[PDB]
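Q: Structure file run20.pdb (PDB, C-alpha atoms (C1' of nucleotides) and all ligand atoms) is given on the next line.
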MODEL        1
ATOM      1  CA  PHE E 632      52.922 -22.121 -73.383  1.00  0.00           C
ATOM      2  CA  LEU E 633      54.493 -19.148 -71.618  1.00  0.00           C
ATOM      3  CA  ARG E 634      52.341 -19.763 -68.518  1.00  0.00           C
ATOM      4  CA  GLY E 635      54.191 -22.995 -67.825  1.00  0.00           C
ATOM      5  CA  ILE E 636      57.578 -22.162 -69.296  1.00  0.00           C
ATOM      6  CA  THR E 637      57.814 -19.030 -67.120  1.00  0.00           C
ATOM      7  CA  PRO E 638      58.470 -20.847 -63.816  1.00  0.00           C
ATOM      8  CA  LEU E 639      60.672 -23.382 -65.577  1.00  0.00           C
ATOM      9  CA  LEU E 640      62.961 -20.709 -67.008  1.00  0.00           C
ATOM     10  CA  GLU E 641      62.776 -18.738 -63.756  1.00  0.00           C
ATOM     11  CA  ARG E 642      64.248 -21.761 -62.005  1.00  0.00           C
ATOM     12  CA  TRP E 643      66.701 -22.589 -64.805  1.00  0.00           C
ATOM     13  CA  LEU E 644      67.964 -19.038 -65.256  1.00  0.00           C
ATOM     14  CA  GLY E 645      68.234 -18.858 -61.490  1.00  0.00           C
ATOM     15  CA  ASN E 646      70.474 -21.920 -61.446  1.00  0.00           C
ATOM     16  CA  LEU E 647      72.446 -20.522 -64.371  1.00  0.00           C
ATOM     17  CA  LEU E 648      72.911 -17.172 -62.634  1.00  0.00           C
ATOM     18  CA  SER E 649      73.628 -18.622 -59.198  1.00  0.00           C
ATOM     19  CA  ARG E 650      76.531 -20.764 -60.344  1.00  0.00           C
ATOM     20  CA  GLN E 651      77.622 -17.813 -62.476  1.00  0.00           C
ATOM     21  CA  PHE E 652      77.791 -15.618 -59.343  1.00  0.00           C
ATOM     22  CA  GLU E 653      78.223 -18.061 -56.443  1.00  0.00           C
ATOM     23  CA  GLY E 654      80.299 -20.607 -58.330  1.00  0.00           C
ATOM     24  CA  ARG E 655      79.539 -24.319 -58.553  1.00  0.00           C
ATOM     25  CA  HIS E 656      79.480 -25.862 -55.061  1.00  0.00           C
ATOM     26  CA  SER E 657      78.783 -29.362 -56.444  1.00  0.00           C
ATOM     27  CA  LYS E 658      81.972 -31.063 -55.186  1.00  0.00           C
ATOM     28  CA  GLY E 659      80.936 -34.052 -53.078  1.00  0.00           C
ATOM     29  CA  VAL E 660      77.358 -34.275 -54.296  1.00  0.00           C
ATOM     30  CA  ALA E 661      76.241 -37.912 -54.187  1.00  0.00           C
ATOM     31  CA  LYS E 662      76.668 -39.462 -57.614  1.00  0.00           C
ATOM     32  CA  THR E 663      73.808 -41.894 -58.175  1.00  0.00           C
ATOM     33  CA  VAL E 664      74.282 -45.402 -59.600  1.00  0.00           C
ATOM     34  CA  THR E 665      73.166 -45.957 -63.203  1.00  0.00           C
ATOM     35  CA  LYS E 666      73.278 -48.508 -66.069  1.00  0.00           C
ATOM     36  CA  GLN E 667      77.019 -48.786 -66.684  1.00  0.00           C
ATOM     37  CA  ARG E 668      78.043 -47.893 -63.116  1.00  0.00           C
ATOM     38  CA  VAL E 669      76.125 -50.746 -61.409  1.00  0.00           C
ATOM     39  CA  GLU E 670      78.741 -53.425 -62.011  1.00  0.00           C
ATOM     40  CA  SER E 671      81.596 -51.386 -60.575  1.00  0.00           C
ATOM     41  CA  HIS E 672      79.406 -50.350 -57.648  1.00  0.00           C
ATOM     42  CA  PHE E 673      78.650 -53.986 -56.788  1.00  0.00           C
ATOM     43  CA  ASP E 674      82.384 -54.599 -56.536  1.00  0.00           C
ATOM     44  CA  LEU E 675      82.876 -51.620 -54.221  1.00  0.00           C
ATOM     45  CA  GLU E 676      80.240 -52.720 -51.779  1.00  0.00           C
ATOM     46  CA  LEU E 677      81.257 -56.361 -51.955  1.00  0.00           C
ATOM     47  CA  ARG E 678      84.892 -55.596 -51.160  1.00  0.00           C
ATOM     48  CA  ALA E 679      83.829 -53.185 -48.425  1.00  0.00           C
ATOM     49  CA  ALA E 680      81.581 -55.778 -46.786  1.00  0.00           C
TER      50      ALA E 680
ATOM     51  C1'   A J   1      12.840   7.592 -26.648  1.00  0.00           C
ATOM     52  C1'   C J   2      19.059   4.201 -28.167  1.00  0.00           C
ATOM     53  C1'   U J   3      23.888   3.331 -30.781  1.00  0.00           C
ATOM     54  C1'   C J   4      24.425   3.128 -35.971  1.00  0.00           C
ATOM     55  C1'   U J   5      26.707   4.861 -40.724  1.00  0.00           C
ATOM     56  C1'   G J   6      28.403   9.873 -45.502  1.00  0.00           C
ATOM     57  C1'   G J   7      28.408   8.143 -51.393  1.00  0.00           C
ATOM     58  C1'   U J   8      31.269   6.321 -55.090  1.00  0.00           C
ATOM     59  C1'   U J   9      36.144   4.704 -57.824  1.00  0.00           C
ATOM     60  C1'   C J  10      40.986   2.772 -56.936  1.00  0.00           C
ATOM     61  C1'   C J  11      45.411   0.646 -54.066  1.00  0.00           C
ATOM     62  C1'   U J  12      47.355  -2.716 -50.644  1.00  0.00           C
ATOM     63  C1'   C J  13      47.370  -6.201 -46.500  1.00  0.00           C
ATOM     64  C1'   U J  14      44.896 -10.360 -43.981  1.00  0.00           C
ATOM     65  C1'   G J  15      41.560 -14.512 -43.879  1.00  0.00           C
ATOM     66  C1'   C J  16      38.455 -17.925 -46.290  1.00  0.00           C
ATOM     67  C1'   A J  17      37.150 -20.229 -50.905  1.00  0.00           C
ATOM     68  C1'   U J  18      37.844 -29.704 -49.650  1.00  0.00           C
ATOM     69  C1'   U J  19      31.026 -33.026 -47.706  1.00  0.00           C
ATOM     70  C1'   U J  20      33.659 -31.530 -55.150  1.00  0.00           C
ATOM     71  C1'   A J  21      28.239 -35.751 -58.982  1.00  0.00           C
ATOM     72  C1'   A J  22      30.116 -31.290 -61.274  1.00  0.00           C
ATOM     73  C1'   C J  23      32.191 -25.637 -61.247  1.00  0.00           C
ATOM     74  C1'   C J  24      36.945 -21.187 -57.366  1.00  0.00           C
ATOM     75  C1'   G J  25      38.909 -21.046 -64.761  1.00  0.00           C
ATOM     76  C1'   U J  26      32.010 -21.858 -69.872  1.00  0.00           C
ATOM     77  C1'   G J  27      39.543 -21.160 -70.406  1.00  0.00           C
ATOM     78  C1'   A J  28      43.745 -24.340 -70.341  1.00  0.00           C
ATOM     79  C1'   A J  29      50.333 -24.588 -69.532  1.00  0.00           C
ATOM     80  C1'   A J  30      55.168 -26.651 -67.554  1.00  0.00           C
ATOM     81  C1'   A J  31      57.708 -29.697 -64.230  1.00  0.00           C
ATOM     82  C1'   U J  32      58.974 -33.777 -60.751  1.00  0.00           C
ATOM     83  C1'   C J  33      58.230 -38.866 -59.139  1.00  0.00           C
ATOM     84  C1'   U J  34      56.317 -44.021 -60.048  1.00  0.00           C
ATOM     85  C1'   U J  35      54.666 -47.334 -63.923  1.00  0.00           C
ATOM     86  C1'   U J  36      53.587 -48.930 -68.899  1.00  0.00           C
ATOM     87  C1'   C J  37      54.096 -48.151 -74.402  1.00  0.00           C
ATOM     88  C1'   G J  38      57.707 -46.077 -79.026  1.00  0.00           C
ATOM     89  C1'   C J  39      62.265 -43.914 -80.679  1.00  0.00           C
ATOM     90  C1'   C J  40      67.693 -45.601 -79.531  1.00  0.00           C
ATOM     91  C1'   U J  41      74.263 -48.203 -79.918  1.00  0.00           C
ATOM     92  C1'   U J  42      74.424 -43.544 -74.000  1.00  0.00           C
ATOM     93  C1'   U J  43      72.447 -39.146 -71.527  1.00  0.00           C
ATOM     94  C1'   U J  44      69.751 -34.733 -72.571  1.00  0.00           C
ATOM     95  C1'   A J  45      65.815 -33.005 -75.351  1.00  0.00           C
ATOM     96  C1'   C J  46      61.363 -36.869 -76.486  1.00  0.00           C
ATOM     97  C1'   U J  47      56.630 -40.271 -77.875  1.00  0.00           C
ATOM     98  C1'   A J  48      51.536 -41.080 -75.213  1.00  0.00           C
ATOM     99  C1'   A J  49      48.722 -43.069 -71.601  1.00  0.00           C
ATOM    100  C1'   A J  50      47.861 -44.004 -66.114  1.00  0.00           C
ATOM    101  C1'   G J  51      48.654 -42.543 -60.885  1.00  0.00           C
ATOM    102  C1'   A J  52      50.608 -39.200 -57.105  1.00  0.00           C
ATOM    103  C1'   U J  53      52.370 -34.410 -56.111  1.00  0.00           C
ATOM    104  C1'   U J  54      54.211 -29.352 -57.437  1.00  0.00           C
ATOM    105  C1'   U J  55      55.039 -24.604 -59.831  1.00  0.00           C
ATOM    106  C1'   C J  56      53.074 -20.838 -62.992  1.00  0.00           C
ATOM    107  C1'   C J  57      48.919 -17.290 -65.752  1.00  0.00           C
ATOM    108  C1'   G J  58      44.317 -16.302 -63.516  1.00  0.00           C
ATOM    109  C1'   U J  59      39.141 -16.232 -60.065  1.00  0.00           C
ATOM    110  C1'   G J  60      35.500 -15.176 -55.979  1.00  0.00           C
ATOM    111  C1'   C J  61      33.951 -13.353 -51.304  1.00  0.00           C
ATOM    112  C1'   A J  62      34.541 -11.103 -46.465  1.00  0.00           C
ATOM    113  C1'   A J  63      37.133  -7.749 -43.553  1.00  0.00           C
ATOM    114  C1'   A J  64      40.621  -3.811 -42.384  1.00  0.00           C
ATOM    115  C1'   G J  65      43.538   0.317 -43.609  1.00  0.00           C
ATOM    116  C1'   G J  66      44.700   4.159 -47.135  1.00  0.00           C
ATOM    117  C1'   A J  67      44.333   7.195 -51.541  1.00  0.00           C
ATOM    118  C1'   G J  68      41.294  10.220 -55.274  1.00  0.00           C
ATOM    119  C1'   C J  69      36.657  12.577 -56.845  1.00  0.00           C
ATOM    120  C1'   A J  70      32.445  15.083 -56.600  1.00  0.00           C
ATOM    121  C1'   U J  71      28.708  15.911 -51.213  1.00  0.00           C
ATOM    122  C1'   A J  72      23.984  14.075 -48.503  1.00  0.00           C
ATOM    123  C1'   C J  73      20.523  12.064 -43.582  1.00  0.00           C
ATOM    124  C1'   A J  74      17.295   9.813 -44.133  1.00  0.00           C
ATOM    125  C1'   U J  75      18.161   4.772 -43.017  1.00  0.00           C
ATOM    126  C1'   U J  76      20.127  -0.540 -41.285  1.00  0.00           C
ATOM    127  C1'   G J  77      20.468  -4.280 -36.323  1.00  0.00           C
ATOM    128  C1'   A J  78      16.695  -3.007 -32.042  1.00  0.00           C
ATOM    129  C1'   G J  79      10.946  -1.014 -32.155  1.00  0.00           C
ATOM    130  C1'   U J  80       4.430   3.469 -33.504  1.00  0.00           C
ATOM    131  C1'   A J  81      -0.445   5.233 -34.853  1.00  0.00           C
ATOM    132  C1'   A J  82     -13.915   2.267 -37.799  1.00  0.00           C
ATOM    133  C1'   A J  83     -21.332   4.701 -32.640  1.00  0.00           C
ATOM    134  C1'   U J  84     -26.246  -0.111 -36.650  1.00  0.00           C
ATOM    135  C1'   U J  85     -26.649  -7.767 -35.926  1.00  0.00           C
ATOM    136  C1'   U J  86     -19.929 -11.366 -35.076  1.00  0.00           C
ATOM    137  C1'   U J  87     -15.659  -8.189 -30.555  1.00  0.00           C
ATOM    138  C1'   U J  88     -13.520  -1.251 -29.387  1.00  0.00           C
ATOM    139  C1'   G J  89     -19.288   2.941 -28.058  1.00  0.00           C
ATOM    140  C1'   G J  90     -23.854  -1.221 -23.303  1.00  0.00           C
ATOM    141  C1'   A J  91     -29.651  -6.150 -22.987  1.00  0.00           C
ATOM    142  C1'   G J  92     -28.454  -2.787 -18.919  1.00  0.00           C
ATOM    143  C1'   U J  93     -30.311  -2.541 -13.788  1.00  0.00           C
ATOM    144  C1'   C J  94     -33.487  -3.845  -9.776  1.00  0.00           C
ATOM    145  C1'   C J  95     -36.383  -7.788  -6.488  1.00  0.00           C
ATOM    146  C1'   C J  96     -37.726 -12.953  -3.866  1.00  0.00           C
ATOM    147  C1'   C J  97     -36.228 -18.847  -2.258  1.00  0.00           C
ATOM    148  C1'   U J  98     -31.918 -21.712  -0.817  1.00  0.00           C
ATOM    149  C1'   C J  99     -26.624 -22.414   2.133  1.00  0.00           C
ATOM    150  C1'   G J 100     -24.554 -19.351   5.951  1.00  0.00           C
ATOM    151  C1'   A J 101     -22.370 -14.955  11.623  1.00  0.00           C
ATOM    152  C1'   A J 102     -19.462 -13.355   7.143  1.00  0.00           C
ATOM    153  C1'   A J 103     -20.470 -13.109   1.145  1.00  0.00           C
ATOM    154  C1'   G J 104     -21.619 -15.199  -2.884  1.00  0.00           C
ATOM    155  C1'   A J 105     -24.133 -19.279  -6.147  1.00  0.00           C
ATOM    156  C1'   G J 106     -28.180 -22.378  -8.735  1.00  0.00           C
ATOM    157  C1'   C J 107     -29.534 -22.767 -17.346  1.00  0.00           C
ATOM    158  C1'   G J 108     -33.496 -20.743  -9.750  1.00  0.00           C
ATOM    159  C1'   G J 109     -37.579 -17.347 -10.393  1.00  0.00           C
ATOM    160  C1'   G J 110     -39.900 -11.934 -11.257  1.00  0.00           C
ATOM    161  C1'   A J 111     -40.230  -6.515 -13.227  1.00  0.00           C
TER     162        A J 111
HETATM  163 MG    MG N   1      80.217 -43.106 -70.345  1.00  0.00          MG
ENDMDL
END
Please lay out the structure from this file as structure tokens.
Ligand SMILES: [Mg+2]

A:
Amino acid sequence: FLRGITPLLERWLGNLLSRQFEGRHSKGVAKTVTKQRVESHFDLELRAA
RNA sequence: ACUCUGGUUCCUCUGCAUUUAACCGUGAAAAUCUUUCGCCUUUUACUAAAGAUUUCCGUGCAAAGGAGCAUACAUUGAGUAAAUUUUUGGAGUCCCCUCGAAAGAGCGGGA
């Protein structure tokens, strides 16, 4: 178990630490389109076209 | 006669471990993506199968450098040490006829 959880927590605790020290840069990351958000996204791209 | 090198043990770097039936691992994790099943008023954390990739705990060999211990020159690639029938301890010598200036050559002949 620990063999495989070691790199997973190394990444996760890295991400935890990095936003704890660097702050969270994530403003303007591309939000993806998902179940509820499809129908509003169709209306965006329709009205834009 | 030439150049070629001290044993061991350990550290670390570098390179290679794909023609896999199968196996660097007689052991066995986690993730991502794509798809298909089951949970479910959502997502996460999930179910349990396929396919494709990753990370992680490890493996082998070669080669180079260093560090500790006790100590030995040989030895690798290139290359050393029989008088009794079948070989290396003598069936060897000599003399006529032939062709040819020349010196050999005939299962030639003779002692
Ligand atoms: Mg919502």

Q: Dump as a PDB file with C-alpha atoms (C1' of nucleotides), in the frame of the given file the residues of chain J that approach chain E to within 10 Å, counting all atoms listed in the file.

A:
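In the end it all went to selection.pdb:
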ATOM      1  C1'   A J  28      43.745 -24.340 -70.341  1.00  0.00           C
ATOM      2  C1'   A J  29      50.333 -24.588 -69.532  1.00  0.00           C
ATOM      3  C1'   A J  30      55.168 -26.651 -67.554  1.00  0.00           C
ATOM      4  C1'   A J  31      57.708 -29.697 -64.230  1.00  0.00           C
ATOM      5  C1'   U J  42      74.424 -43.544 -74.000  1.00  0.00           C
ATOM      6  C1'   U J  55      55.039 -24.604 -59.831  1.00  0.00           C
ATOM      7  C1'   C J  56      53.074 -20.838 -62.992  1.00  0.00           C
ATOM      8  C1'   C J  57      48.919 -17.290 -65.752  1.00  0.00           C
TER       9        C J  57
END

Q: So, with all atoms listed in the file as the atoms that count, which of E:662, E:675, E:652, E:668 lies closest to ligand MG 1 (chain N)?

A: E:668

Q: So how far away is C1' of residue 3 (chain J) from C1' of residue 64 (chain J), in Å?

A: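 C1' of residue 3 (chain J) lies at a distance of 21.6 Å from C1' of residue 64 (chain J).
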
Q: Between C1' of residue 10 (chain J) and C1' of residue 72 (chain J), what distance in Å does the model show, to one decimal?

A: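 Straight-line distance from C1' of residue 10 (chain J) to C1' of residue 72 (chain J) works out to 22.1 Å.
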
Q: Please write as a PyMOL selection string the full residue list that the PyMOL selection byres (((chain J and resi 33) around 9) and not hetatm) yields on this file.

A: chain J and resi 32+34+52-53

Q: Using all atoms listed in the file, which residue out of E:643, E:674, E:665, E:660 lies closest to ligand MG 1 (chain N)?

A: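 With all atoms listed in the file as the atom set, the closest residue is E:665.
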
Q: How about completing region 637-664 of chain E with N, CA and C atoms and giving it to me as a PDB file, keeping the file's coordinate frame?

A:
ATOM      1  N   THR E 637      57.337 -20.102 -67.991  1.00  0.00           N
ATOM      2  CA  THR E 637      57.814 -19.030 -67.120  1.00  0.00           C
ATOM      3  C   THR E 637      58.435 -19.525 -65.826  1.00  0.00           C
ATOM      4  N   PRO E 638      57.793 -20.369 -65.020  1.00  0.00           N
ATOM      5  CA  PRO E 638      58.470 -20.847 -63.816  1.00  0.00           C
ATOM      6  C   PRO E 638      59.627 -21.767 -64.108  1.00  0.00           C
ATOM      7  N   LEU E 639      59.568 -22.511 -65.204  1.00  0.00           N
ATOM      8  CA  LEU E 639      60.672 -23.382 -65.577  1.00  0.00           C
ATOM      9  C   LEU E 639      61.928 -22.587 -65.898  1.00  0.00           C
ATOM     10  N   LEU E 640      61.812 -21.569 -66.747  1.00  0.00           N
ATOM     11  CA  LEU E 640      62.961 -20.709 -67.008  1.00  0.00           C
ATOM     12  C   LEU E 640      63.364 -19.869 -65.809  1.00  0.00           C
ATOM     13  N   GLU E 641      62.414 -19.433 -64.986  1.00  0.00           N
ATOM     14  CA  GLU E 641      62.776 -18.738 -63.756  1.00  0.00           C
ATOM     15  C   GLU E 641      63.678 -19.589 -62.879  1.00  0.00           C
ATOM     16  N   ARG E 642      63.365 -20.869 -62.741  1.00  0.00           N
ATOM     17  CA  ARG E 642      64.248 -21.761 -62.005  1.00  0.00           C
ATOM     18  C   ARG E 642      65.564 -21.968 -62.738  1.00  0.00           C
ATOM     19  N   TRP E 643      65.498 -22.301 -64.027  1.00  0.00           N
ATOM     20  CA  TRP E 643      66.701 -22.589 -64.805  1.00  0.00           C
ATOM     21  C   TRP E 643      67.638 -21.393 -64.893  1.00  0.00           C
ATOM     22  N   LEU E 644      67.114 -20.220 -65.233  1.00  0.00           N
ATOM     23  CA  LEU E 644      67.964 -19.038 -65.256  1.00  0.00           C
ATOM     24  C   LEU E 644      68.458 -18.674 -63.871  1.00  0.00           C
ATOM     25  N   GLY E 645      67.706 -19.006 -62.832  1.00  0.00           N
ATOM     26  CA  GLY E 645      68.234 -18.858 -61.490  1.00  0.00           C
ATOM     27  C   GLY E 645      69.446 -19.732 -61.245  1.00  0.00           C
ATOM     28  N   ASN E 646      69.351 -21.007 -61.618  1.00  0.00           N
ATOM     29  CA  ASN E 646      70.474 -21.920 -61.446  1.00  0.00           C
ATOM     30  C   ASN E 646      71.658 -21.512 -62.302  1.00  0.00           C
ATOM     31  N   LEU E 647      71.395 -21.059 -63.522  1.00  0.00           N
ATOM     32  CA  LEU E 647      72.446 -20.522 -64.371  1.00  0.00           C
ATOM     33  C   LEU E 647      73.137 -19.346 -63.708  1.00  0.00           C
ATOM     34  N   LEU E 648      72.360 -18.347 -63.298  1.00  0.00           N
ATOM     35  CA  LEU E 648      72.911 -17.172 -62.634  1.00  0.00           C
ATOM     36  C   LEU E 648      73.644 -17.527 -61.352  1.00  0.00           C
ATOM     37  N   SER E 649      73.055 -18.382 -60.518  1.00  0.00           N
ATOM     38  CA  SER E 649      73.628 -18.622 -59.198  1.00  0.00           C
ATOM     39  C   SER E 649      75.003 -19.256 -59.283  1.00  0.00           C
ATOM     40  N   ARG E 650      75.183 -20.254 -60.141  1.00  0.00           N
ATOM     41  CA  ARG E 650      76.531 -20.764 -60.344  1.00  0.00           C
ATOM     42  C   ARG E 650      77.407 -19.754 -61.067  1.00  0.00           C
ATOM     43  N   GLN E 651      76.815 -18.847 -61.842  1.00  0.00           N
ATOM     44  CA  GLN E 651      77.622 -17.813 -62.476  1.00  0.00           C
ATOM     45  C   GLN E 651      78.118 -16.773 -61.485  1.00  0.00           C
ATOM     46  N   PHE E 652      77.391 -16.551 -60.390  1.00  0.00           N
ATOM     47  CA  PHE E 652      77.791 -15.618 -59.343  1.00  0.00           C
ATOM     48  C   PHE E 652      78.379 -16.309 -58.120  1.00  0.00           C
ATOM     49  N   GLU E 653      77.727 -17.361 -57.621  1.00  0.00           N
ATOM     50  CA  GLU E 653      78.223 -18.061 -56.443  1.00  0.00           C
ATOM     51  C   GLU E 653      79.351 -19.036 -56.747  1.00  0.00           C
ATOM     52  N   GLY E 654      79.535 -19.424 -58.001  1.00  0.00           N
ATOM     53  CA  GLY E 654      80.299 -20.607 -58.330  1.00  0.00           C
ATOM     54  C   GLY E 654      79.533 -21.898 -58.102  1.00  0.00           C
ATOM     55  N   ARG E 655      80.131 -22.983 -58.589  1.00  0.00           N
ATOM     56  CA  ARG E 655      79.539 -24.319 -58.553  1.00  0.00           C
ATOM     57  C   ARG E 655      80.038 -25.075 -57.327  1.00  0.00           C
ATOM     58  N   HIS E 656      79.174 -25.187 -56.318  1.00  0.00           N
ATOM     59  CA  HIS E 656      79.480 -25.862 -55.061  1.00  0.00           C
ATOM     60  C   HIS E 656      79.598 -27.380 -55.203  1.00  0.00           C
ATOM     61  N   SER E 657      79.173 -27.957 -56.328  1.00  0.00           N
ATOM     62  CA  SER E 657      78.783 -29.362 -56.444  1.00  0.00           C
ATOM     63  C   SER E 657      79.841 -30.436 -56.163  1.00  0.00           C
ATOM     64  N   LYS E 658      81.032 -30.067 -55.696  1.00  0.00           N
ATOM     65  CA  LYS E 658      81.972 -31.063 -55.186  1.00  0.00           C
ATOM     66  C   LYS E 658      81.370 -31.851 -54.026  1.00  0.00           C
ATOM     67  N   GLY E 659      81.477 -33.179 -54.105  1.00  0.00           N
ATOM     68  CA  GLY E 659      80.936 -34.052 -53.078  1.00  0.00           C
ATOM     69  C   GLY E 659      79.430 -34.174 -53.035  1.00  0.00           C
ATOM     70  N   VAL E 660      78.736 -33.833 -54.122  1.00  0.00           N
ATOM     71  CA  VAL E 660      77.358 -34.275 -54.296  1.00  0.00           C
ATOM     72  C   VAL E 660      77.339 -35.770 -54.587  1.00  0.00           C
ATOM     73  N   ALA E 661      76.334 -36.461 -54.052  1.00  0.00           N
ATOM     74  CA  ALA E 661      76.241 -37.912 -54.187  1.00  0.00           C
ATOM     75  C   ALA E 661      75.943 -38.280 -55.632  1.00  0.00           C
ATOM     76  N   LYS E 662      76.920 -38.874 -56.309  1.00  0.00           N
ATOM     77  CA  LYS E 662      76.668 -39.462 -57.614  1.00  0.00           C
ATOM     78  C   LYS E 662      75.804 -40.704 -57.458  1.00  0.00           C
ATOM     79  N   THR E 663      74.703 -40.751 -58.202  1.00  0.00           N
ATOM     80  CA  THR E 663      73.808 -41.894 -58.175  1.00  0.00           C
ATOM     81  C   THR E 663      74.363 -43.005 -59.064  1.00  0.00           C
ATOM     82  N   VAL E 664      73.807 -44.204 -58.908  1.00  0.00           N
ATOM     83  CA  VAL E 664      74.282 -45.402 -59.600  1.00  0.00           C
ATOM     84  C   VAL E 664      73.331 -45.752 -60.743  1.00  0.00           C
TER      85      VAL E 664
END
